[PDB]
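Contents: one structure, followed by commentary.
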Amino acid sequence: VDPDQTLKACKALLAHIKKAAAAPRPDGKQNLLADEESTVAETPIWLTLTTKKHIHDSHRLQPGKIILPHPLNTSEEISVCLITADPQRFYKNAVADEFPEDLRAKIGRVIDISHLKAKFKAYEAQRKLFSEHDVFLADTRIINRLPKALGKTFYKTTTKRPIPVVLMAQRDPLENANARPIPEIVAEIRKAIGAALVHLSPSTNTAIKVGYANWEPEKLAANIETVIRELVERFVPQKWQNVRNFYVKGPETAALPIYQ
RNA sequence: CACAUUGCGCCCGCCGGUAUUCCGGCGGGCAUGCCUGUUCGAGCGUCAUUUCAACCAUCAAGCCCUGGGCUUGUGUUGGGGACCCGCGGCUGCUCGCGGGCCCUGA
């Protein structure tokens with residue numbers, strides 16, 4: 001790779017995104033819930049990794065976590081749902097009382113598997129939950145049972161797949177619930193929410209969201225370059241031999257080649 | 001029960017006479033309509049009965065630079081939208097695998 005031309009790939013895209021959003025709508029009626037700054041801010045950007053062989057033999061519904069120098073979810077209007085195994089009442093008190101105030105506001109709701117498996121069975125119920133929140137996380141004890149309880153409303157879109165977390169301190173839920181020390185859970189949850197995700201789909205194309213169109217091109221370039229180093233070093237088999245074109249994609253724009 | 005005669009039935013117990021069987025006597029009870037409840041029933045009066053449940057890993061195994069992190073545990077309803085792509089065939093049009101956006105009651 002190279003930084004300078006990858007960087008020149010960056011502001012080449014945001015320039016096209018900025019002019020696309022600022023362009024007036026031809027039919028003459030504007031959007032009542034869309035500001036030209038807001039639409040640019042909400043527009044994500046993706047890097048599309050192409051290979052010459054499968055990343056995985058089959059679909060992997062537990063995504064991989066790649067830490068970034070600049071975390072992704074930092075907007076104020078981000079609501080997060082946490083899924084647990086122990087009594088959700090315990091985590092509700094844990095959320096309410098012993099918990100930082102900045103990341104309380106980003107918590108939407110916490111629900112155990114039992115309440116998840118009872119209320120959200122119908123497809124509308126899991127679609128209502130799917131649309132209401134932005135990102136989801138679940139304890140590794142339960143992440144295996146989530147595909148059945150959530151259906152294809154979560155594991156076909158592939159965008160809002162839940163993120164695994166480890167509430168392993170080292171049976172009657174009502175007796176006692178093993179739990180990690182609270183101050184380092186909130187470090188883990190903050191770590192998990194801001195970590196980019198890679199979906200080990202069977203195909204030879206993996207798209208990763210590494211920022212938005214309101215980010216500075218240099219900070220976006222730093223985010224993309226560390227994903228490129230990490231992802232090839234850990235996930236794709238055969239490392240550099242299996243890797244191929246690296247396209248930067250806008251959700252409504254074209255692709256920007258970067259050949260490795 | 002009987003014009004009521006100090007006569008005669010049925011049930012439980014007792015007493016005195018040779019007494020488990022006989023005799024006599026004594027004590028407690030046995031009318032009708034109706035109400036509340038109890039228990040025992042009757043009815044080709046009506047109904048239900050061949051059970052749509054729960055039941056993956058609410059943690060295990062292996063590791064590393066000894067305490068945090070890592071890997072494996074394959075688990076998804078269907079359909080539609082002159083929308084934006086990656087990769088393979090197709091001389092080509094196009095078709096397949098996988099994505100991003102949107103809609104819909106299992």
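Below, all heavy atoms of this structure are taken into account, side chains as well, without hydrogens, waters or symmetry copies. Below, chains carry the letters A, B, ... as their sequence lines are ordered, and counting in each starts from 1.
- Taking the P atoms as reference points, B:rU20 lies 13 Å from B:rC14, given to the whole Å.
- For A:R180 and B:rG69, the shortest distance from a side-chain N or O to OP1 or OP2 is below 4.0 Å.
- Under the Watson-Crick or G-U wobble criterion, with both distances below 3.5 Å, B:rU38 has no partner in any strand shown.
- Rounded to an integer number of Å, the gap from CD of A:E42 to P of B:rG100 is 17 Å.
- Considering only the side chain of A:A254, B:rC85 comes nearest among B:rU76, B:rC85, B:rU77.
- With a cut-off of 3.5 Å on both pairing distances, the Watson-Crick or G-U wobble partner of B:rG62 is B:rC70.
- Closest to the side chain of A:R171, out of B:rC85, B:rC56, B:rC59, is B:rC59.
- Pair assignment for B:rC30 gives B:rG9, based on Watson-Crick or G-U wobble hydrogen-bonding distances that are each under 3.5 Å.
- Here the nucleotide nearest the side chain of A:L61, chosen from B:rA106, B:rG98, B:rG75, is B:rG75.
- For B:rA4, the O4'-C1' to base torsion is within 90° of 0; the nucleotide is therefore syn.
- The nearest heavy atom of RNA chain B to A:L146 and to A:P202 marks one nucleotide each, and the one closer to the 5' end goes with A:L146.
- The backbone N or O of A:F120 sits nowhere less than 3.5 Å from a side-chain atom of A:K128 that would complete a donor-acceptor pair.
- For B:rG78 with B:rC1, the Watson-Crick or G-U wobble criterion does not hold with each of the two distances under 3.5 Å.
- In this structure, of B:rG75, B:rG86, B:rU74, it is B:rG86 that holds the atom nearest to the side chain of A:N205.
- Mapping A:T204 and A:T159 onto RNA chain B by nearest heavy atom places A:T204 closer to the 5' end of the strand.
- Judged by the 6.0 Å distance and 45° axis criteria, A:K160 is not positioned over the aromatic ring of A:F136.
- B:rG92 and B:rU76 have their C1' atoms separated by 38 Å, with the value rounded to a whole Å.
- In this structure, the nucleotide among B:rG100, B:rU58, B:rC59 sitting nearest to the side chain of A:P251 is B:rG100.
- OP1 or OP2 of B:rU71 sits under 4.0 Å from a side-chain N or O of A:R234.
- Set against B:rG100, B:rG75, B:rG78, the side chain of A:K148 has B:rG75 as its closest nucleotide.
- Between B:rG86 and A:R244, no contact under 4.0 Å exists linking OP1 or OP2 to a side-chain N or O.
- If you take CZ of A:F246 and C1' of B:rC85, they are 17 Å apart, rounded to a whole angstrom.
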Original post:
Taking it one step at a time, do A:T50 and A:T206 satisfy side-chain contact (heavy atoms from CB on, under 4.5 Å)?
Top reply: CA-CA 7 Å; A:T50 292; A:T206 66; over 6 Å; no
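- Comparing the same atom, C1', in B:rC8 and in B:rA2 gives a spacing of 8 Å after rounding to whole Å.
- B:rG96 and B:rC87 make a Watson-Crick or G-U wobble pair, with both donor-acceptor distances under 3.5 Å.
- Nucleic acid contact for A:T157: sugar-phosphate only, since backbone atoms but no base atoms lie under 4.0 Å from a heavy atom of the residue.
- A donor-acceptor contact shorter than 3.5 Å is absent between the side chain of A:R145 and the backbone of A:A149.
- Applying the 6.0 Å contact sphere to CZ of A:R104 captures more than 12 heavy atoms from other residues, nucleotides or ligands.
- If you check B:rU74, B:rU76, B:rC84 against the side chain of A:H56, the one that comes closest is B:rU74.
- Across B:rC87, B:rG75, B:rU71, the shortest atom-to-atom separation from the side chain of A:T50 is found for B:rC87.
- Ring pair A:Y259/A:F246: centre-to-centre distance not below 6.0 Å.
- Because its glycosidic torsion is within 90° of 0, B:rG75 is reported here as syn.
- Taking a centre distance below 5.5 Å and an interplanar angle below 30 degrees as the stacking criterion, A:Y123 stacks against the six-membered base ring of B:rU77.
- Side-chain atoms of A:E124 lie closest to B:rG105 of the nucleotides B:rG86, B:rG105, B:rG100.
- Put simply, A:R141 has no side-chain N or O that comes within less than 4.0 Å of OP1 or OP2 on B:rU58.
- Atom P of nucleotide B:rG99 and atom CD1 of A:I45 are separated by 20 Å, given to the nearest angstrom.
- Base pairing of B:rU50 is not made with any nucleotide, judged by Watson-Crick or G-U wobble geometry with both donor-acceptor distances under 3.5 Å.
- Nucleotides B:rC95 and B:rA82 place their P atoms 13 Å apart, quoted to the nearest Å.
- A sub-4.0 Å separation between OP1 or OP2 of B:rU58 and a side-chain N or O of A:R145 is present.
- Under a cut-off of 6.0 angstrom, the local environment of CZ in A:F90 is sparse, with at most 12 non-hydrogen atoms contributed by other residues, nucleotides or ligands.
- Counting only distance, with no hydrogens or angles, the side chain of A:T253 and the backbone of A:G250 share a donor-acceptor pair below 3.5 Å.
- Pair assignment for B:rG16 gives B:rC23, based on Watson-Crick or G-U wobble hydrogen-bonding distances that are each under 3.5 Å.
- Stacking annotation: A:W46 is not stacked on the base of B:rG100 (requires ring centroids less than 5.5 angstrom apart and an interplanar angle below 30 degrees).
- Of all nucleotides listed (B:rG75, B:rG86, B:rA106), B:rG75 comes nearest to the side chain of A:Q62.
- In terms of phosphate contacts, A:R60 brings a side-chain nitrogen or oxygen within less than 4.0 Å of OP1 or OP2 of B:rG73.
- Anti is the conformation of B:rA61, whose glycosidic angle sits further than 90° from 0.
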